[PDB]
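S.K.:
Number of protein chains: 2
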Amino acid sequence: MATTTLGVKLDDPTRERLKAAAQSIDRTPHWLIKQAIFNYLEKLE
Amino acid sequence: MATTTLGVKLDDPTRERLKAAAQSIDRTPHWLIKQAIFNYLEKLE
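These protein sequence lines are chains A and B, in that order. For the first sequence, full-length UniProt numbering gives the first residue as 1, with consecutive numbering after it. For the second sequence, full-length UniProt numbering gives the first residue as 1, with consecutive numbering after it.
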């Protein structure tokens with residue numbers, strides 16, 4: 001989508017967790033990060 | 001937590017959605033953004 005690199009609040013271990021999340025969902029950090037926040041929206045929507 | 005301002009991928013409308021999400025969950029963007037990504041982790045955990 002129109003996903004741009006914006007400033008977000010993430011903890012170092014949390015950042016790693018996102019990588020792990022990426023690995024858990026078989027997605028690359030770039031894709032995972034995008035979906036982590038957007039899919040977050042998708043989950044609550 | 002140890003949430004620091006890191007680079008994340010967010011769309012302009014998505015960014016606004018986070019504000020809306022903040023408003024929907026009665027949290028401030030700073031708090032919402034932190035929880036949006038961390039709570040995202042909480043939801044999938």
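Positions of the beta carbon are idealized from the N, C-alpha and C atoms, including for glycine.
Mind reading off the beta-carbon distance from residue 34/A to residue 9/B? Whole number of angstroms is fine, and I expect it under 8 Å.
M.R.: Correct: roughly 4 Å between the Cβ atoms.
S.K.: If you run the structure through DSSP and keep just helix, strand and coil, what is residue 26/A?
M.R.: Residue 26/A: coil per DSSP, three-state reduction.
S.K.: Quick one: what's got a C-beta closer than 8 Å to residue 23/B's C-beta in the same chain, skipping five residues either side?
M.R.: Contacts found: none.
S.K.: Against residue 19/B, what residues of chain A qualify as contacts under a CB-to-CB distance less than 9 Å, listed in chain order?
M.R.: None at all; the shortest Cβ gap to chain A is about 12 Å.
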